[PDB]
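Only one chain is included here, represented as structure tokens and corresponding to the form deposited in one PDB entry.
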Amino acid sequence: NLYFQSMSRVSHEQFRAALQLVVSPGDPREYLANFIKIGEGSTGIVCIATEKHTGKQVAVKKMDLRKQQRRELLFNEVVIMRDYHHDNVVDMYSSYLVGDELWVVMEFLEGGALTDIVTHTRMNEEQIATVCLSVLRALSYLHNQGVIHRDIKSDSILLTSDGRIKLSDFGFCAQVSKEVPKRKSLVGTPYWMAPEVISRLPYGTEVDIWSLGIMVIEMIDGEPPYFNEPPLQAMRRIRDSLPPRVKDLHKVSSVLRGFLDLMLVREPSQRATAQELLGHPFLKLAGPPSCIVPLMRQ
């Protein structure tokens, strides 16, 4: 009968101590040099540095711990990035505390986000299949470890300079287990959220498959369904309406329509799993990284 207070209530020093148990010890400025800022706000800053031992370029996200309003999501995120690694997930090399800052040392990807592509170009089905295959491989791995991303959208998909596709931004992720197999939290970016999450029903890894389907509609039509409406209004339609369809059915192949139909299924138990989707004929259309390069802004 001792009450331990929630992470939002503890001292800044004990928030930091919590993080100290899960980050790498020491000071990364020992092995990193030549920091150049490339992004900012609102919690911190992003820099490119050069590893002194190797000359390798890395990205370092520096976040002010006193500005973190979602302390527990950050804590949970740091553990996931530490423990899970996959070629289609932006890799965290190591994390550290420097004063009141969390330094996250990440792989440096120079190809921008998928959002820039879907808002300015028209992807072909080969290119769509390539993105889907990459994301589904990441999800295959993550879902098998009980990790739910919860925030799949074009904005969170980053590209290497040579056209490889990587899932990023695990700020909203969750980990389920045999003991706690489902989550209940209302988390995500409105237009991409699964109906069961919006209904506040217990949910698992299946929510990422719905969100993926919405991203496929982004890649087809340029925006997710109901993007012209206010987010809370869009959420009501997701929760209560039949699954969204593409604008022009006749301009999407039978195989891609079938793939989409397996993902945008309201009942989670009837929705395809990442494992099942990897065997879908649509993904036999996937190409090499070179097929993505012509889409990129440069």
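Start at 1 and count along the sequence shown; that's the residue number. Definition used throughout: the rigid core is the maximal C-alpha set that superposes within 1.5 Å between two forms.
Separately, the form deposited in another entry exists; it is not shown, and the next lines address it.
- No residue of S241, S253, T273, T50 other than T50 has its CA displaced by 2 Å or more between the shown form and the other one when the core is superposed.
- With the core superposed, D116 shows a C-alpha displacement below 2 Å between the shown form and the other one.
- For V98, the Cα coordinates differ by 2 angstroms or more between the shown form and the other one after the core has been superposed.
- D64: CA moves 2 Å or more between the shown form and the other one after rigid-core fitting.
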